[PDB]
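**Q** Starting off with a structure, shown below.
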Amino acid sequence: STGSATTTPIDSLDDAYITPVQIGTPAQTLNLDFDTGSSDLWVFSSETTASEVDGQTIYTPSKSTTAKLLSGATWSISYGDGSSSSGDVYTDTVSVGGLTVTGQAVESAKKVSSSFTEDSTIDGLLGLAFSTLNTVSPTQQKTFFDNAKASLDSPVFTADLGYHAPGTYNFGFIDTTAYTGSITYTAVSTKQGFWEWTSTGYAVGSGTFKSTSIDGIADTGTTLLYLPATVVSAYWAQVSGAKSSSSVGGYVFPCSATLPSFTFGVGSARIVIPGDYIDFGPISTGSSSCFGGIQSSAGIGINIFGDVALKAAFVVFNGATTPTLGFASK
Numbered sequence: 070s071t072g073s074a075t076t077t078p079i080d081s082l083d084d085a086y087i088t089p090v091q092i093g094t095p096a097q098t099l100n101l102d103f104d105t106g107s108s109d110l111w112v113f114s115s116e117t118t119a120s121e122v123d124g125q126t127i128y129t130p131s132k133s134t135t136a137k138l139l140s141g142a143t144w145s146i147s148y149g150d151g152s153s154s155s156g157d158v159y160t161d162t163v164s165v166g167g168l169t170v171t172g173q174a175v176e177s178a179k180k181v182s183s184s185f186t187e188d189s190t191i192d193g194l195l196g197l198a199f200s201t202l203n204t205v206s207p208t209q210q211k212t213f214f215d216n217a218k219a220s221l222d223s224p225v226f227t228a229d230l231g232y233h234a235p236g237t238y239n240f241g242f243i244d245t246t247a248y249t250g251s252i253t254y255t256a257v258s259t260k261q262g263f264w265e266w267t268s269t270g271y272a273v274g275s276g277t278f279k280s281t282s283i284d285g286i287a288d289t290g291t292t293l294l295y296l297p298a299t300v301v302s303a304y305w306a307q308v309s310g311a312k313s314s315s316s317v318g319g320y321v322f323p324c325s326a327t328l329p330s331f332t333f334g335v336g337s338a339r340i341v342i343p344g345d346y347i348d349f350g351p352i353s354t355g356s357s358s359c360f361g362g363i364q365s366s367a368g369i370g371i372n373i374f375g376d377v378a379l380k381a382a383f384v385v386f387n388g389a390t391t392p393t394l395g396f397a398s399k
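The sequence shown begins at 70 in mature numbering (1 follows the signal peptide of the UniProt record, and there is no 0) and counts up one residue at a time.
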């Protein structure tokens, strides 16, 4: 089997991407944030505290003939941005882009933090990291990809995120028309539960490539690119007037600037992030100070190849017995 779904930016900044997901019988379509940095599929639901729902589409298990309460199971998750959610668990039929999994754990939110309530466009998350991170207790549950894997033509999924435009998540095949040149594959460590890999270096604009190992995770659920302070400083030093602002929470730059590209290494290959991808616009409406798309990972504890980086590439998440990651230009 295979699946193919379009993913769509939630706003003009590509702050996140949503992908339609069918849950239940008859289908209940929710728009979920596919997150290769977590491993819970959770949704806004009929069980979610009423005051914490504001515009989202909810899953109603009682209207699904294939829904079954997973007795005794609860879940609770906190994300890197400080947001959180929790609730109980159903099993139900879940389909993505024509690919169907029966008995998928669907984690029904009883509580969500403000950040989720305030974002009317995201109805939940679908995690695509390794199932060892799944928070369901007392019986840990598998991700959608884990459940689908054995049935897929090839045990892979691909992320093809657009810049200010729709893109595609494919399951079970590699669309050879969707990228240019070759796919360069690189080793993955699953030790922390993530799609963790080591970049071979970086360049700023038309500058020379610095060979240096950067360990990080491929995380579709994180908006920006978080790298070591040394790297980030070298980038923003090439932008007149750029500075790190503690009051804003990172590097800002004059909105009148032309941003340089940023290149990262994948083995001997190079992925180029155009300067425009690194612009996240005014810090507040009408401001002439703009927020940077490359930020320091210092105090996150991990480097994160988020959407700013991934959308510059066609990315293969290879879930073979020994997982790998592939990157191609497109």
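For every residue, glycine included, the Cβ atom is placed at its ideal position computed from N, Cα and C.
Using C-beta distances below 8 Å, list every residue in its chain close to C359, excluding the 5 sequence neighbours before and after it, in chain order.
**A** As a first step, residue 359 is located in the sequence shown; it is residue number 290 there, counting from the start. These residues qualify, in order along the chain: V321, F322, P323, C324, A326, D348, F349, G350, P351, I352.
**Q** Are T129 and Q91 closer than 8 Å when you measure CB to CB?
**A** Taking the first residue of the sequence shown as 1, we reach residue 129 at position 60. Taking the first residue of the sequence shown as 1, we reach residue 91 at position 22. Cβ distance not < 8 Å, so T129 and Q91 don't count as in contact.
**Q** Check for me: the alpha helix (DSSP H) holding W305 runs from which residue to which?
**A** For the purposes of this step, residue 305 is taken as residue 236 along the sequence shown, with counting starting at 1. 298-305 is the span of the alpha helix (DSSP H), which, as asked, contains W305.
**Q** Within 10 angstroms of the Cβ of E187, are there 16 or more other Cβ atoms? Answer buried if so, exposed if not.
**A** One-based indexing of the sequence shown puts residue 187 at position 118. So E187 counts as exposed.
**Q** With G375 and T269 assumed to form a contact (beta carbons below 8 Å), what rounded beta-carbon distance in angstroms separates them?
**A** Translated into positions along the sequence shown, residue 375 becomes position 306. Translated into positions along the sequence shown, residue 269 becomes position 200. Not quite, the Cβ-Cβ distance comes to about 19 Å (not below 8 Å), so this is no contact.
**Q** Taking just the CA atoms, how far does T134 sit from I369?
**A** For the purposes of this step, residue 369 is taken as residue 300 along the sequence shown, with counting starting at 1. For the purposes of this step, residue 134 is taken as residue 65 along the sequence shown, with counting starting at 1. Using only the alpha carbons, I get a separation of about 43 Å.
**Q** Thinking just about the alpha-carbon of each residue, which of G395, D102, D80 is nearest to the one in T253?
**A** Within the sequence shown, the letter at position 184 stands for residue 253. Relative to the Cα of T253, the nearest Cα in the group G395, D102, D80 belongs to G395.
**Q** Give the range of the beta strand (DSSP E) segment to which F278 is assigned.
**A** Sequence index remark: in the sequence shown, residue 278 carries index 209 (1-based). According to the DSSP assignment, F278 belongs to no beta strand (DSSP E), since it is labelled neither H nor E.
**Q** Quick check for students: name the residue ranges of the beta strand (DSSP E) that lie wholly in the segment 144-191, counting only runs of 3 or more.
**A** 153-165, 168-181
**Q** In the DSSP assignment, the alpha helix (DSSP H) including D123 goes from what residue to what residue?
**A** Within the sequence shown, the letter at position 54 stands for residue 123. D123: not part of any alpha helix (DSSP H); DSSP gives it neither H nor E.
**Q** Just to confirm the assignment: which complete alpha helix (DSSP H) runs, minimum length 4, are found wholly within the segment 198-271?
**A** Counting whole runs of 4 or more residues, the segment 198-271 contains the alpha helix (DSSP H) stretches 213-217.
**Q** Between the Cα of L101 and the Cα atoms of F278, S114, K279, which residue gives the shortest distance?
**A** Numbered from 1 along the sequence shown, position 32 holds the residue referred to as residue 101. It is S114.
**Q** Kindly indicate which residue of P329, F333, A198 has the alpha-carbon position closest to the one of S107.
**A** The sequence position of residue 107 within the sequence shown is 38, counting from 1. The option with the nearest alpha carbon to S107 is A198.
**Q** Here's a check: name, in chain order, each residue in its chain whose Cβ is nearer than 8 Å to the Cβ of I146, leaving out the five neighbours to either side.
**A** Residue numbering aside, residue 146 sits at position 77 when the sequence shown is read from its first letter. Contacts found: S107, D109, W111, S153, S154, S155, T204.
**Q** Leaving out five residues on either side along the sequence, give the residues of the same chain with a beta carbon under 6 Å from the beta carbon of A85.
**A** Translated into the one-based positions of the sequence shown, residue 85 becomes position 16. If we look at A85 and ignore the five residues flanking it on each side, its Cβ neighbours are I79, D102.
**Q** Rounded to a whole number of angstroms, what is the C-alpha to C-alpha distance between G196 and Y304?
**A** Start at 1 with the first residue of the sequence shown, and residue 196 comes out as number 127. Start at 1 with the first residue of the sequence shown, and residue 304 comes out as number 235. For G196 and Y304, the distance between alpha carbons rounds to 31 Å.
**Q** With the cut-off set at 8 Å, would you say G388 and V225 are in Cβ contact?
**A** By 1-based counting over the sequence shown, the position of residue 388 is 319. By 1-based counting over the sequence shown, the position of residue 225 is 156. It is a contact, given that the beta carbons lie within the stated cut-off.
**Q** Would you kindly check if the distance between the Cβ of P343 and the Cβ of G274 is under 8 Å?
**A** Here residue 274 refers to the residue found at position 205 when the sequence shown is read from its first residue. Here residue 343 refers to the residue found at position 274 when the sequence shown is read from its first residue. No, the pair does not count as a contact, with Cβ atoms beyond the cut-off.
**Q** Once you ignore the five residues that flank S313 on each side, which residues in its own chain have a CB closer than 7 Å to its CB?
**A** Here residue 313 corresponds to residue number 244 of the sequence shown, with the count starting at 1. For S313, where only same-chain residues beyond five positions count, the Cβ hits under 7 Å are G319, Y320.
**Q** In terms of residues, what are the limits of the alpha helix (DSSP H) holding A378?
**A** Translated into positions along the sequence shown, residue 378 becomes position 309. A378 -> alpha helix (DSSP H) spans 376-379.
**Q** Report, in whole angstroms, the separation of the C-beta atoms of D288 and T105, which I expect to be a contact under 8 Å.
**A** Taking the first residue of the sequence shown as 1, we reach residue 288 at position 219. Taking the first residue of the sequence shown as 1, we reach residue 105 at position 36. With 8 Å as the limit, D288 and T105 qualify as a contact, their Cβ atoms being about 6 Å apart.
**Q** Specify the secondary structure class of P130 as computed by DSSP and reduced to three states.
**A** By 1-based counting over the sequence shown, the position of residue 130 is 61. Three-state result, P130: helix.
**Q** What residue does the beta strand (DSSP E) around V308 start on, and which one ends it?
**A** On the sequence shown, residue 308 is found 239 positions in, with the first residue counted as 1. Taken as a continuous stretch (DSSP letters only), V308 belongs to no beta strand (DSSP E), as it is neither H nor E.
**Q** Any idea if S366 is buried or exposed, counting beta-carbon neighbours within 10 angstroms, 16 or more meaning buried?
**A** As a first step, residue 366 must be located in the sequence shown, where it is residue number 297. By the 10 Å Cβ count, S366 comes out buried.
**Q** Counting along the chain, where does the beta strand (DSSP E) carrying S365 start and finish?
**A** The residue given as residue 365 occupies position 296 in the sequence shown. Residue range 363-365 is occupied by the beta strand (DSSP E) that includes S365.
**Q** Determine which residues share a DSSP beta bridge with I340 and list them.
**A** Locating residue 340 in the sequence shown gives position 271, where the first residue counts as 1. Partner(s): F333.
**Q** Tell me whether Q125 is buried or exposed, calling it buried when 16 or more other Cβ atoms sit within 10 Å of its Cβ.
**A** The residue given as residue 125 occupies position 56 in the sequence shown. A residue is called buried once 16 or more other Cβ atoms fall within 10 Å of its Cβ, and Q125 is buried on that count.
**Q** What is the rounded straight-line gap between the Cα of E121 and the Cα of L230?
**A** Here residue 121 corresponds to residue number 52 of the sequence shown, with the count starting at 1. Here residue 230 corresponds to residue number 161 of the sequence shown, with the count starting at 1. When the Cα atoms are used, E121 and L230 turn out to be separated by approximately 29 Å.
**Q** What residues in its chain sit with their C-beta under 7 Å from that of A217, if we drop five residues either side in the sequence?
**A** Locating residue 217 in the sequence shown gives position 148, where the first residue counts as 1. Excluding positions up to five away in sequence, the list reads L168, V170, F240.
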